[PDB]
Amino acid sequence: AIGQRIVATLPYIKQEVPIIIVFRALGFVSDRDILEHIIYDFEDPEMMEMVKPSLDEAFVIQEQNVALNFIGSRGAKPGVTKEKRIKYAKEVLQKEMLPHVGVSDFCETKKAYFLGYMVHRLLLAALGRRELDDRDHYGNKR
Amino acid sequence: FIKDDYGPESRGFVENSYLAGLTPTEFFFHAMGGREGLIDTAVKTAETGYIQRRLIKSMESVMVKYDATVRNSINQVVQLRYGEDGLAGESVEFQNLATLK
Amino acid sequence: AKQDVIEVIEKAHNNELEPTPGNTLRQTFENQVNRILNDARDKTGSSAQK
Amino acid sequence: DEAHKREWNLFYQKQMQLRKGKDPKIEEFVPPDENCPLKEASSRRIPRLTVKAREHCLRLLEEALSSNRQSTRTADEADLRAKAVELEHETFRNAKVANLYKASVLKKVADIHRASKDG
Amino acid sequence: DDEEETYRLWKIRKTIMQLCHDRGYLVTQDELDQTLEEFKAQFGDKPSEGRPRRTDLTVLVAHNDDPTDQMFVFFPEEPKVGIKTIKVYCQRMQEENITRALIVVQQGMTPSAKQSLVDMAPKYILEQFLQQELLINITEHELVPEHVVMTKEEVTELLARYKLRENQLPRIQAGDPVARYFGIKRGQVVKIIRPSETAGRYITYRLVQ
Amino acid sequence: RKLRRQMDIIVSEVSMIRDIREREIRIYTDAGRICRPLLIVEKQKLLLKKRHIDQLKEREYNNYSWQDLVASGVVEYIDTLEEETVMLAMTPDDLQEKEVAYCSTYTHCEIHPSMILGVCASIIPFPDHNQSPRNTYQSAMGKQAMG
Amino acid sequence: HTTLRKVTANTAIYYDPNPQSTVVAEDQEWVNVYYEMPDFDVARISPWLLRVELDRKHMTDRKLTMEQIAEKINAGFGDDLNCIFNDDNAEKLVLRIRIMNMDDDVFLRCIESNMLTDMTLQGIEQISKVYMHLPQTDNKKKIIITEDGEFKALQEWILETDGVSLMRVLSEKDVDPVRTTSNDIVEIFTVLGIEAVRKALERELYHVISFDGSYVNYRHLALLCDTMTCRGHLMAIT
Amino acid sequence: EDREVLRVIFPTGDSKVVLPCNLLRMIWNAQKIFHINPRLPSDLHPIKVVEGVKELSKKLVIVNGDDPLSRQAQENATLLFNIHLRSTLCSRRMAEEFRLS
Amino acid sequence: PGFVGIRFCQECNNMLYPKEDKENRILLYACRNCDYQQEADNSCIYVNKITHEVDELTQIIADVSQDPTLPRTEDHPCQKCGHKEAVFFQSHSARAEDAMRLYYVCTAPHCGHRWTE
DNA sequence: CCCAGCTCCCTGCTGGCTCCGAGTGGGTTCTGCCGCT
RNA sequence: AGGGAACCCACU
DNA sequence: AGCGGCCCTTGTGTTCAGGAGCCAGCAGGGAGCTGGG
Ligand SMILES: [Zn+2]
Ligand SMILES: [Zn+2]
């Protein structure tokens, strides 16, 4: 439309999810908190301008359970019950998203920090402040 | 090398001859260069092979007829005389027109 | 030829290099460097052949 | 994409309509006074342009010409009015939109001011 | 927006005169070589002010073989041409007994207008042209060899000499730019003459299909 | 780096990369990282001294082995990511002072540049005097040779 | 092709409630000079300002003037907007845009986005870049026959583009409509027809083959081109 | 007239063409076979050159037949070669350059 | 003018959007989920720097003076402390076409002065 | 004697399908099995 | 009376 | 002793040649027409 929206494609979710919805499903509702996880220096207006389209794209969903239901509905086989949808979305976010960060409960802060770091890296690439990664660089291989 | 070195040595100018021998960095850069050619061979082959097959299949039945027209298998006229001059390609030669210039 | 390339680099580092039409500055610098090195290669080749 | 441009045109027209009154309240063109020194003062070529605006612009042209004369000590006075009227008529003949007309007149004023400064 | 439009109209008129001459209609050497100044003289100079109006530019020419064969060239003022204006032109063609007409449109022609053009084909042959297509003469491009329309007798002689059926000749589409330029229809044969680097010259024939 | 060179808490295999322009330090203990040993340079001198060579010359008797070089913090394993941050001298001749120093801040030195070659290319004599595709061809043909 | 974005240094949306006094001192001075008499309806004026600053360098490079840009804005948006601009002699090139009475600020944002990319000031769409050079090889020089009867090669300027709009470029004034050509054969077929594309296909294939100095007898090329064009349309070898 | 036609066919000044019979080499062969002394006047009547070339041209047939279509197609098919033949076997060139008996 | 940041509601800490005082003709930043409101002071609700004249010196961080892979020079002493050694490098950032310009950083610890020439 | 459906035709987009050089020499493993009818 | 498929390496 | 049933591990689940170009079908829109007011 006007700007550039950031969308996360989760495992076991056949449609992309707006990133702020994922952050809220993790339990961060205030825009200030989400941006504190994504932007580490608020004196950087350019980065701030670059994230507003994502805030707008997900403006109606302002609660954790609403976002969880959103994700669960996006699931492969959504359950007609909303409770089971929320359960499935929570299971996905706790177990299938960023397992190396942690797969136990009470790991939403670590997951939020790593997801914010990913979004930050994407923003640095889009602002031309950091070079793109080379797939053939042998340091990126095992 | 140091960062942002655009000089000849850093960017792959080999200042030695094969008789003198390459330095280690020159040796590696020369290896990169040679790899490029090996790859070109190993990929161009299939691209060109497909092109050749399609050309043949598209023109395989076109031939000179006894009326000296060039026709396809459907008997459609492709050229009224082969090459527009009716000549075979093996006995022509380069010559100069003396009144043109 | 090496000293000439050094001079071109030092010129580009002081923003005294102006792009040629239809080329960004980096393309202009690469063009000049490649020209110097090609001329050197040709001159050395001619000397060897002589 | 050329169809996408058409979509934008439709949306922009819709928004204009939303911002446009149902009936165009056509403010009847003010007929110039018979004392108007403006050539073709009865013309309606340039839409949404008032004869009074032309009079004001001609007044500005008069001031510019007076400045040029006093700087260069021009002798004749009747030429001042005739020259101003001719400049205004030329500007009206050339331009086709109100804002462009005003900008052209102001540009002429700046040119005359610079010429007066030159002497 | 006025000098440019005048130049455009002059170019369209020149190309149309060349086209009419190439199709065999009678045109005087002064019309072909009419300068832009002469255009501004004969016609207006302020198309925005309605001088000239596109309705002022209509031309009517007669064939060299029979004066009864005549052709209109119309320049509709409306950028998009619909059925109504086509009916108007057909009406005046019927009134004056003119069977052929060229219509030069600005933006295009509605699909139904095209369907109408093709529907009344056998009675009235009227063809459509975008003015962008007429801003140059494509037959003067170096890539376009000389095209010549053959008469039925010539086609019969050709097929007899080479003992061919029509469907064995090479083809040209009726929608081809040069075919539209010459106004040739399905079943006609165009003779093409081009230089050759091997023979010097080479004549080929294309059947309109 | 001190701990890794002492082999106290960080095994030699561990990679530690500092991205200075960014503000990230990345430490990797994964399996599957390719690495190679390099001589450590401090100030502008090899930490490898004559005494290490003397002890290695007698490795048959005294049992002083390659592992003792690594334990004494004179050689290091560097993987590709860490190599991104290394300032590498090709030979100790690069550490010698020069009229216009090129670098003067070397952190490592190559043991010997011929170690860039694999097993088959290591039997080619004077490979630095051949066109490179020819070295590649020998690298295959040597695997086809009868012995 | 030139859009507005290629000649703008920056844009900004302010909130000017009363145009008489503006948030920018220079803007206020020049505007009030512009606001001498009621050339407008104050009621049908929005307080939202869209301020655009142009590059003197680019504007001159393309020989553009703010009058032309204002005319383009008028043509593309009409009187519903109100564009005004200062004099070119000024230190900076500026032009203010408002809307005559969705929110007006977001609407101005949408207009600015469209106006930067979709509004065309110069040139032809799809022609993204143009190069201009004097040929050194005779294959592009103009070859004439002098009155003494000799071939003579004249150096002249030719332009190479990055995209293709052959029909529009051919109709431009001062463009040679006899020699101007394209390397895109489907465009040639569309604009010039089947015999033209027959010739152009041969020339393109010859270029490819002979770029190395290699040579293939003409009858083979001619036979391929005839095979590809003999049925009245382009038959791909696929 | 041939020269004007050539100017149209090759609007660049490129005189190098591909044609069947290498006329210059044939003339050199004739000079050697018949021991032509270039430094003496020849017994070849210049009218014999004109008529000989006309007959030869009639003998070089690509499109046979006597109808007007066949005659024009034959004229076109051999046009370049006939221009070359007439400008090589000129009476003037035969008399003062090649000097054939 | 420069970029215009974003504001957060004092109550819900959500992003504040710009609204105007129709009756007063004043610019307000008003929350959209709660009902908080505020009075603006910039009056510039948007900026778009096409020319992208951004200062690379602001992005440089003084830590790069510890990078052993950067070249060092002794011919550009830093003004702030007169130390004689500096590292230099190029921008290497997209949106830098004439990016062969050098940037300098003083290598004296606790100075970290960046400059250009 | 205008208007709102209604129909018919043309565009533009997206999804789906076929194709991907010529020969030649060696090697190895795998071509089913188990519950209870 | 004599199989086949799959995969791997290699040669020009 | 031999038919059933497939084991795809997430019944829900990673890339079965990936990418490069044409054909078919659908949505969307607009021209033109016509039975009510
Ligand atoms: Zn709030
Ligand atoms: Zn300092």
Side-chain angles (χ1 to χ4, degrees), chain A residues 8-16 71-81 84-99 103 135-136, chain B residues 37-58 60, chain D residues 1-14, chain E residues 76 78-88 90 103 105-120 128 130 175, chain F residues 118-120 133-134 136-147, chain G residues 125-126 184-186 189-190 228 233-238:
Chain A
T9 89
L10 284 291
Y12 307 141
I13 307 290
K14 309 307 189 253
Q15 272 152 300
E16 68 263 24
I71 296 157
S73 84
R74 292 295 191 285
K77 48 181 295 306
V80 295
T81 313
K84 75 196 282 198
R85 273 181 192 173
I86 279 170
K87 175 52 56 167
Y88 176 67
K90 186 182 287 296
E91 178 72 354
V92 154
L93 294 195
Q94 164 156 324
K95 204 167 283 301
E96 318 300 317
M97 194 197 65
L98 299 164
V103 288
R135 201 178 301 271
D136 304 303
Chain B
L38 296 167
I39 295 167
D40 276 336
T41 297
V43 169
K44 87 185 180 165
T45 202
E47 260 286 328
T48 305
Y50 194 22
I51 280 161
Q52 293 175 104
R53 189 181 142 72
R54 296 208 308 288
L55 280 167
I56 283 280
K57 299 310 300 198
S58 86
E60 58 181 18
Chain D
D1 64 2
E2 141 168 278
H4 183 121
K5 279 202 235 174
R6 150 189 75 74
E7 148 180 90
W8 154 266
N9 212 292
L10 156 73
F11 148 83
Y12 166 83
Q13 284 296 350
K14 140 178 89 201
Chain E
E78 47 284 16
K80 176 73 65 52
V81 181
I83 305 180
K84 197 262 184 180
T85 48
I86 299 307
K87 297 301 301 191
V88 172
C90 304
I103 299 159
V105 307
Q106 302 177 38
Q107 287 186 16
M109 179 172 290
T110 65
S112 69
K114 304 185 178 299
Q115 254 304 330
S116 50
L117 294 193
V118 58
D119 281 354
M120 75 200 93
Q128 180 236 337
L130 271 52
Chain F
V119 160
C120 287
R134 293 287 133 184
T136 295
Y137 298 155
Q138 166 56 27
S139 284
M141 276 193 280
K143 307 201 273 287
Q144 293 156 47
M146 284 186 204
Chain G
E125 292 79 341
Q126 300 110 18
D184 164 36
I185 56 153
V186 171
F189 172 67
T190 294
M228 288 166 73
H233 54 72
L234 289 169
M235 183 196 79
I237 313 300
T238 65

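Reminder, nothing fancy here: chain letters follow the sequence lines and each chain counts from 1. All values below come from the heavy atoms of this structure, side chains included, with hydrogens, waters and symmetry mates left out.
Both distances falling under 3.5 Å, in either a Watson-Crick or a G-U wobble arrangement, place J/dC19 opposite L/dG19. Look at L/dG13: it lacks any Watson-Crick or wobble partner with both distances under 3.5 angstrom. Partner assigned to L/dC7 is none, using Watson-Crick or G-U wobble distances below 3.5 angstrom. Partner assigned to L/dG29 is J/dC9, using Watson-Crick or G-U wobble distances below 3.5 angstrom. The partner of L/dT34 is J/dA4, judged by Watson-Crick or G-U wobble contacts that both fall below 3.5 Å. Under the Watson-Crick or G-U wobble criterion, with both distances below 3.5 Å, K/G2 is left unpaired in every strand shown.
Here L/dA31 presents its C1' atom at 15 Å from CG of E/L117, a figure rounded to the nearest Å. Separating the CD1 atom of G/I237 from the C1' atom of L/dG21 is a distance of 16 Å, rounded to the nearest angstrom. A/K77 has its NZ atom 12 Å from the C1' atom of L/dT10, to the nearest Å. F/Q144 has its CD atom 20 Å from the P atom of J/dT24, to the nearest Å. The interatomic distance linking E/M109 (CE) with J/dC10 (P) rounds to 15 Å, in whole Å. Rounded to a whole Å, the CD atom of B/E47 is 14 Å from the P atom of J/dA22. Atom pair F/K143:NZ and K/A10:P shows a separation of 7 Å (rounding to whole Å applied). Rounded to a whole Å, the CZ atom of A/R85 is 16 Å from the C1' atom of L/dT12.
Sugar conformation at L/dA17 is south: the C1'-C2'-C3'-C4' dihedral has a negative sign, consistent with the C2'-endo side. Nucleotide L/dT14 carries a north sugar pucker, as its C1'-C2'-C3'-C4' torsion angle is positive. A positive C1'-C2'-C3'-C4' torsion places the sugar of L/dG5 in the north, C3'-endo-side range. Judged by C1'-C2'-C3'-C4', the furanose ring of L/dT15 adopts a north pucker. A north sugar is assigned to L/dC16: the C1'-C2'-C3'-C4' torsion is positive, on the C3'-endo side.
With a glycosidic angle no further than 90° from 0, L/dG13 counts as syn. In L/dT10 the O4'-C1'-N dihedral to the base is within 90° of 0, which defines a syn nucleotide.
L/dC23 and L/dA17 have their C1' atoms separated by 22 Å, given to the nearest Å. Nucleotides L/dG4 and J/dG32 have their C1' atoms positioned 13 Å apart, rounded to a whole Å. Spacing of P atoms, J/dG26 relative to L/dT15, comes out at 37 Å, to the nearest Å. Taking atom P on both L/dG13 and L/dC7, the two are 14 Å apart, rounded to the nearest angstrom. With both ends at atom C1', the span from K/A10 to J/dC20 equals 23 Å, rounded to whole Å. Atom name P, nucleotides K/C7 and L/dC16: the rounded distance is 16 Å, in whole Å.
In this structure, B/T45 contributes its side chain and B/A42 its backbone to no donor-acceptor pair below 3.5 Å. Under a 3.5 Å cut-off, the side chain of B/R54 and the backbone N or O of G/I237 do form a donor-acceptor pair.
Within 6.0 Å of CG on D/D1 lie no more than 12 heavy atoms contributed by other residues, nucleotides or ligands. Open room surrounds CZ on B/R53; 12 or fewer heavy atoms of other groups in view lie less than 6.0 Å from it.
For E/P111, whose side chain is taken as the heavy atoms from C-beta onward, the closest listed nucleotide among J/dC10, L/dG13, J/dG21 is J/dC10. Taking every side-chain heavy atom of A/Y88 into account, L/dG13 is the closest of L/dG13, L/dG32, J/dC20. Closest to the side chain of E/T110, from the set L/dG13, J/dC10, L/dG32, is L/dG32. You'll find that the side chain of B/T45 is closest to J/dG21, out of J/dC10, L/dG32, J/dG21. In the set L/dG30, L/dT12, J/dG21, the nucleotide with an atom closest to the side chain of D/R6 is L/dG30. Counting only heavy atoms from C-beta on, A/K14 has its side chain closest to L/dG13 among L/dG13, L/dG32, J/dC20.
One finds a side-chain N or O of E/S112 lying less than 4.0 angstrom from the OP1 or OP2 phosphate oxygen of L/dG32.
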Item to check | Chi angles and distances behind the side-chain contact (heavy atoms from CB on, under 4.5 Å) call for E/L130, E/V105 | outcome: CA-CA 5 Å; E/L130 271 52; E/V105 307; 3.8 Å; yes
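For the strand neighbours L/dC23 and L/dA24, base stacking is present under the 5.5 Å centre-distance and 30-degree plane-angle rule. Neighbouring residues J/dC33 and J/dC34 fail the stacking criterion, which requires the centres of their six-membered base rings to lie under 5.5 Å apart and the ring planes to differ by under 30°.
Among the heavy atoms of the strands lying under 4.0 Å from E/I83 are primed sugar atoms or P, OP1, OP2 only; no base atom is included. If you check every strand for non-hydrogen atoms under 4.0 Å, A/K95 touches nothing.
Side-chain contact between D/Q13 and D/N9: present, with at least one pair of heavy atoms (C-beta onward) separated by less than 4.5 Å.
Using cut-offs of 30° and 60° on the angle between ring planes, the pair D/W8 and D/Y12 is parallel.
Heavy atoms only, all atoms of each residue included: E/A113 and E/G82 are closest at CB-C, 4.0 Å.
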